[PDB]
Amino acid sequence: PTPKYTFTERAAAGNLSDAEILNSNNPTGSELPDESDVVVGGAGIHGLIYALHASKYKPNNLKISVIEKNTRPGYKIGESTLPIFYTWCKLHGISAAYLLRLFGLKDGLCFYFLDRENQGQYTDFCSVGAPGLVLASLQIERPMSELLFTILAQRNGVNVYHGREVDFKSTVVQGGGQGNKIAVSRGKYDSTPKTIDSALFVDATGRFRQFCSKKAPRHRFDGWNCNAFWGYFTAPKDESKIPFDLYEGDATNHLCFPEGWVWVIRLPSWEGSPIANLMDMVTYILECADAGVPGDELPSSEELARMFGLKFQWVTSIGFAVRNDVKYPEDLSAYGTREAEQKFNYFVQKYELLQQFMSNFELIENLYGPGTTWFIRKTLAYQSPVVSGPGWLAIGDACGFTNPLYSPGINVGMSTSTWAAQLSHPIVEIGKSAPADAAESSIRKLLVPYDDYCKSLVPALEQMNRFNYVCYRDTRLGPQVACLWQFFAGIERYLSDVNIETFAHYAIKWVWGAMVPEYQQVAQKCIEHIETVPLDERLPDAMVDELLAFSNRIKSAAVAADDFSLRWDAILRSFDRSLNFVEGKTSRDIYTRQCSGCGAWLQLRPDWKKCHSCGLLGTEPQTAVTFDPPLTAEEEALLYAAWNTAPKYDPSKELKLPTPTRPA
């Protein structure tokens, strides 16, 4: 496909603002429709996942308008995504060769556990991702992911309006046939607000809970909560001076210690690029995805920047997520002038390994505009008690949220977005096909499982978060209990069977494994013990021994009962095939490599000979995956065959669950 510069030229020809060039790509036009079936408040990642999944699940049925107050896709924290998210992107027609032009490659979740009382001592937990011919995971810059999903939505009959705000004071939501009158303005100053007559409102306003807060007070869990403070840094090409053995920049790296943990995410940034130019680049990438352009014939990320006049740079996202019962000294003025800056730099110098690690990185000033060198957010975890009602439902952060750890926010949260999308078709049809009282009653019944799922989802994720946090107080419990149980319970069994039709049903059965009974049994034993030890104390060695022995005894039976075949010793560097801990084990599969030219991490596969980020040619043999233990040519061929394309929808197929087999 020859690249077109439609939006760059349209914007210049009409001196269009950012919101106007974006809204000009809507199927029904740049102005709001008088009426719609569904109105989505908020075009964060979940409002757009919802709208894309709804139109894809059943096209040409619902008229959907998404209202976003930002003039263009705004900055969001929340950058690490997981295989279920990639699978969803692939099911929606965008596979890894195209996503990797926009986003960073992610291969594995890796953990380093720092000993607080013995500074310099650490242990680790290493996992891998998948071969390039199986799948990829992604580190996403959220202004870019939200642009990608906006453009894809506009190409699939969804209208997205940036620079427009739902007025939750004058908006009317009710359970009639189309009882909703959604008031949309450009802001509080706006003299001339518009109204969209509609049947269903979707609250996708994230943690702001702009609608559902009207129906119930925000709920907090017992015990400590967390605070986060973070910034953006350079991304070194040469990672060899990182003070952790066997470190890899394309993993989502976790530096873990008694008070909490640090995330480390390497990802490309498009900041500084005009929005219209970005629309042309994204549009071009979708046309290439439609045409099936091979990876080696697709322009590299840097070449796309040259073609469309973009800014491109590699950054590392680095942040603290710590407990809010941490004691800080009163005067922190030595570590900066902002609180976020102060607590970040104060915490770095509490751990020699964190200071040696951070000395590989240079702080980036104001990457997302003024005031954005440093971020802080306090009291992270919450739940919305009411997530649906006559004429409306809520999705994503609007339902609740826990913690960055294991990235439930996007990858678990999309279970609500995609289920709500599927449920939206009968909700709207019920209201168009039955009198008001019976329609309302039938819809309420239909949503009882949605309400019940949300109600128990967040507490399960909250217990999962505490489970990991308390085990991060010890360098054996963290890797051998908490991480082990999260990967065994939460690995995505039978993901290669998921299609558009089964996606929501599969996704709500996953929950990162946090519903698995044996997982909850080990988690409750650890939390019950460790929470009785004050944070500023070391765990007694006998408590670690006992929790470790308890966890391993429950583990052996639960692993024996799993009928899913997995080369566990290839995926977890520290464990054998039966998930026994192996002191000093170093062998694992190798799926990625670092470009010698630009430093970008690449997926190994024979048809990708050039770096997807800068275009530099690898010598060819580098593209050979290392399977350890080995796979024959037949086994390797069989693996890739399973992951080529998703199975067609069979309404007589039983859904195979991601969680381990029950013990009968």
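The first residue of the shown sequence is 1; numbering continues from there.
S.K.: Comparing 176 to 184 with 251 to 259, where is the mean C-alpha B-factor higher?
M.R.: The deposited B-factors put 176 to 184 ahead on the C-alpha mean.
S.K.: Give the stretch, out of 579 to 587 and 513 to 521, with the larger mean C-alpha temperature factor in the deposited entry.
M.R.: The stretch with the larger mean CA B-factor is 579 to 587.
S.K.: For the listed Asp451, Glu146, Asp290, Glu462, which has the peak Cα B-factor recorded in the PDB entry?
M.R.: If I rank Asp451, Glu146, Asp290, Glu462 by C-alpha B-factor, first place goes to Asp290.
S.K.: Choose from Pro299, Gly78, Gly319, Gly74 the residue with the greatest Cα B-factor as stated in the PDB record.
M.R.: Highest CA B-factor of the listed options: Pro299.
S.K.: Mind checking which third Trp608 falls in for C-alpha B-factor across the chain?
M.R.: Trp608: CA B-factor falls in the highest third of its chain.
S.K.: Using the B-factors in the PDB entry, rank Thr626's C-alpha atom against the chain and give the third, lowest, middle or highest.
M.R.: For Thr626, the deposited C-alpha B-factor lands in the highest third.
S.K.: Lowest, middle or highest third of the chain for the C-alpha temperature factor of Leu566?
M.R.: For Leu566, the deposited C-alpha B-factor lands in the highest third.
S.K.: Sorting the chain's modelled residues by C-alpha B-factor, tell me whether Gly618 ends up in the lowest, middle or highest third.
M.R.: Answer is highest: the recorded C-alpha B-factor places it there.
S.K.: Lowest, middle or highest third: where is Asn70 by C-alpha B factor in its chain?
M.R.: Middle third, going by the recorded CA B-factors of the chain.
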